[PDB]
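All remarks here apply to the structure that follows.
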Amino acid sequence: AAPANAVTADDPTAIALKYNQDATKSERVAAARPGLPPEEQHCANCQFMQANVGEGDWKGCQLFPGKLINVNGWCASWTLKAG
Ligand code: SF4
């Protein structure tokens, strides 16, 4: 079950960025974002994921203030975690 503050499918920014809480149900291949082959991309290896926010599989994303994403998710702003 998603937390009460999970990013949901009807969130305008989630629609615009094609977020899904399950990267296997995402369009990461189509987007071909740079940094890793697309099948390897998900929130856990994204620069915007905030490991000190949330709990368990539900963590922060800088782009979704006040919400939680799933570490196994993806959106089109995926960027390699470089630091
Ligand atoms: S920016 Fe990164 S951490 Fe945030 S939802 Fe998109 S892929 Fe996940």
Side-chain angles (χ1 to χ4, degrees):
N5 62 350
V7 177
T8 71
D10 225 283
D11 172 322
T13 297
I15 295 160
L17 295 179
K18 307 200 183 196
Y19 172 75
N20 199 285
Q21 65 186 231
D22 183 348
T24 70
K25 297 193 175 67
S26 81
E27 300 184 60
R28 62 194 179 168
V29 172
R33 299 310 304 147
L36 284 175
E39 300 287 5
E40 297 173 41
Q41 299 173 12
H42 52 280
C43 296
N45 56 29
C46 183
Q47 184 59 38
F48 297 116
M49 188 281 272
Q50 296 174 331
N52 206 41
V53 171
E55 196 277 340
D57 288 354
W58 297 102
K59 299 301 285 177
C61 174
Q62 202 274 339
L63 313 189
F64 294 94
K67 306 191 192 285
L68 295 172
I69 56 68
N70 192 290
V71 299
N72 298 321
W74 182 91
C75 82
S77 283
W78 184 89
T79 297
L80 182 70
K81 174 68 174 180

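Below, all heavy atoms of this structure are taken into account, side chains as well, without hydrogens, waters or symmetry copies. Atoms within a ligand are numbered from 1 in the order they appear, just like the ligands themselves. Just so you know, residue 1 is the first one in the sequence shown, and it goes up from there.
Below 4.0 Å from some heavy atom of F48 lie the following atoms of ligand 1, by number and element: 1 (S). For ligand 1 and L63, the ligand atoms under 4.0 Å from any heavy atom of the residue are 1 (S). When each atom of ligand 1 is checked for a heavy atom of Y19 under 4.0 Å away, the hits are 5 (S). Atoms of ligand 1 found under 4.0 Å from any heavy atom of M49 (numbered from 1 in listed order, with element): 3 (S). The contact set between ligand 1 and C61, taken as ligand atoms under 4.0 Å from a residue heavy atom, comprises 1 (S), 3 (S), 4 (Fe), 5 (S). Listed by atom number, the atoms of ligand 1 under 4.0 Å from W78 heavy atoms are 7 (S).
Inter-residue side-chain proximity for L36 and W78 is flagged as met; some heavy-atom pair is nearer than 4.5 Å. Side-chain contact between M49 and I69 is present, with at least one heavy-atom pair separated by less than 4.5 Å. Between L17 and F64 there is a side-chain heavy-atom pair separated by less than 4.5 Å.
Remark: the backbone N or O of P38 is not paired with any side-chain donor or acceptor of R33 at under 3.5 angstrom. The closest donor-acceptor contact from the side chain of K18 to the backbone of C75 lies at 3.5 Å or more, if one exists at all. For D11 (side chain) and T8 (main-chain N/O), no donor-acceptor pair under 3.5 Å exists by modelled atom type.
Residue-environment remark: CD (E39) exceeds the threshold of 12 foreign heavy atoms within 6.0 Å.
Residue contacts to atom 6 (Fe) of ligand 1: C43 brings no N, O or S atom closer than 2.8 Å.
For atom 7 (S) of ligand 1, the nearest protein heavy atom (residue, atom name, distance) is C75 N, 3.4 Å. At the top of the distance list for atom 2 (Fe) of ligand 1, counting protein heavy atoms only, stands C46 SG, 2.3 Å.
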